[PDB]
């Protein structure tokens, strides 16, 4: 086990998962001074993201996040390798401190953060195999702020109620996953980093979209308060909140940007 609080929290991960105390750790502060424009960062293409509404996709409370299993026919086109989707999941704070994005922008958190996890399918059969290999994974990260209601996000959040406890699964009818991405996906930050959860392998190509999406206060409240990270029968039940990693030191490394201003 590992958690985001108490003795088994993030400061303790490295005991059993050595990479968590290694180099190239994510997430990081994306700040003006370490940004470098890279004109060679072209727009990524999202292939096969339009999932059939006739098909069901598995949503799970895994005790660390809520995760939607995704088919490997979704892929990113534009990186050195083909990266095929495995799942998406989210990171959030709590109603007292609703700023639980992993990445920060010039020191500031967003409300929450979505991650679409893909694996190098040119070389590996799955994320688990890819996860300890150089450039084995690629994550799209979407920063989330409070604003207008988001129907597309609600295609997930309307199901939170059915995955209240660790181990529970629901079906989510397919929708266009691209609807979850912000405007101007052409604008992004790019850096080499790590899984933000154990085993924290430094094997992830990060793309964080420059622009956040908005969800409503009620939506955010629901994400923050719907789930427990414990099995239903657990004698000490725990709310699933603050399930984000503190930002990591990122020394004399650059973050590349697809935009110059």
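Only the largest set of C-alpha atoms that superpose within 1.5 Å between the two forms is called the rigid core. Residue numbers count along the first chain shown, from 1.
Enquirer: Between 248-256 and 19-27, which one strays more from this form in 9 other deposited structures of this protein if you match the rigid core and compare Cα atoms?
Expert: Evaluated in 9 other deposited structures of this protein, the stretch farther from the shown form is 248-256.
Enquirer: Fitting on the rigid core only, I'd like to know which of the two stretches, 82-90 or 122-130, ends up farther away in Cα terms in 9 other deposited structures of this protein.
Expert: Between 82-90 and 122-130, greater C-alpha deviation in 9 other deposited structures of this protein belongs to 122-130.
Enquirer: So which stretch wins on mean C-alpha B-factor, 195-203 or 30-38?
Expert: Mean C-alpha B-factor is greater for 30-38.
Enquirer: Look over 58-66 and 44-52 in the entry and identify the one with the greater average Cα temperature factor.
Expert: For C-alpha atoms only, the mean B-factor is higher in 44-52.
Enquirer: Tell me, please, which of 253, 245, 15, 249 has the highest C-alpha B factor according to the deposited entry?
Expert: In the PDB entry, the greatest C-alpha B-factor among 253, 245, 15, 249 is found at 253.
Enquirer: If I read the C-alpha B-factors straight from the PDB entry, which of 136, 147, 107, 98 is highest?
Expert: In the PDB entry, the greatest C-alpha B-factor among 136, 147, 107, 98 is found at 147.
Enquirer: Please rank the C-alpha B-factors of the chain's modelled residues and tell me whether residue 72 sits in the lowest, middle or highest third.
Expert: It belongs to the middle third of the chain when residues are ordered by C-alpha B-factor.
Enquirer: When the modelled residues of the chain are sorted by Cα temperature factor, does residue 237 land in the lowest, middle or highest third?
Expert: Ranked within chain, residue 237 CA B lands in the highest tercile.
Enquirer: Lowest, middle or highest third of the chain for the C-alpha temperature factor of residue 227?
Expert: Tercile = middle for this residue's CA B-factor.
Enquirer: Would you mind ranking residue 183 by its C-alpha B-factor against the rest of the chain and naming the third, lowest, middle or highest?
Expert: Its C-alpha B-factor belongs to the highest third of this chain's values.
Enquirer: Could you place residue 125 in the lowest, middle or highest third of its chain by Cα temperature factor, using the values in the record?
Expert: Highest third - that is where residue 125 ends up once the chain's C-alpha B-factors are sorted.
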